[PDB]
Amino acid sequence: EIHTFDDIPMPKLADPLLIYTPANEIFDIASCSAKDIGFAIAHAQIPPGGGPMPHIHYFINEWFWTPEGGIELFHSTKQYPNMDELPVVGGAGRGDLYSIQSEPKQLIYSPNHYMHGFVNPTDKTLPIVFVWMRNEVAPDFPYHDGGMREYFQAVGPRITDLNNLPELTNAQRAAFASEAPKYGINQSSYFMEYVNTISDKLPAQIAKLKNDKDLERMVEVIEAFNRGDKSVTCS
């Protein structure tokens, strides 16, 4: 059974940060913080075939929200609490992944240390929204968001015109993987690097992952920011 969510609004910044990530994702991204919480959020468009290779977070917890479904996510049952141990053939070993064919407005919650990724397997561009919440061990980044917006900003070209995207380069793709550990991500550079099997039978243990409480709080922050409330910041 799926977990759903009705609305995750976007912080409306004066000059929107639009980034074409080296995973082939069109991001409208921002960071927000409040006294109690810090996070990055992106409303994204995923072209056919787009999406990041399997990766693991150490500084954030992630939410995926798929307003139109279509997106296929991949998720482990196994957790990788040690950033020093890559799940690779020569070391800690590659992991098993389970796929999720997302449904309209499905909300998927993925705590730090789980391996995940996703792809647009369809022939049309699909929307997706991410929230990356700063966890309790994350270092303080300039935007106090746990590091994710700084990551994308550092590795992906900035977009001017959505109808004339930057050409992603080899260096950008390599940097997307190699710069990732400084932002608390172990990011694979090809699909099967960290991967042993992909299975379509979803374990209940993954399906049940949920953190609505933190998400509703961050929505409050976003909506307050959009109302002009000065006790929160988004930029």
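We call the rigid core whatever largest set of C-alpha positions still superposes within 1.5 Å between the two forms. Residues carry their position along the shown sequence, with the first being 1.
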Superposing the other structures by the rigid core, the farther-displaced stretch by RMS over CA atoms in 4 other deposited structures of this protein, of 22 to 30 and 204 to 212, is 22 to 30
Any chance you could tell me whether 99 to 107 or 130 to 138 drifts more in 4 other deposited structures of this protein, judged by RMS CA distance from this form after superposing on the core?
130 to 138
Of the two stretches 200 to 208 and 181 to 189, which shows the higher Cα B-factor on average in the entry?
200 to 208
Averaged over C-alpha atoms, is the B-factor higher for 39 to 47 or for 162 to 170 in this PDB entry?
162 to 170
Hey, out of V131, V89, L107, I71, whose CA B-factor is highest in the deposited coordinates?
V89
Comparing C-alpha B-factors across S102, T122, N135, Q153 in this entry, the winner is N135
Here the Cα B-factor of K78, set against its chain, lands in the third termed highest
B-factor third for the C-alpha atom of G146 within its chain:
middle
Could you place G95 in the lowest, middle or highest third of its chain by Cα temperature factor, using the values in the record?
highest
Third of the chain's Cα B-factor distribution that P16 belongs to, per the entry:
highest
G117: CA temperature factor from the record, placed by chain third, in the lowest
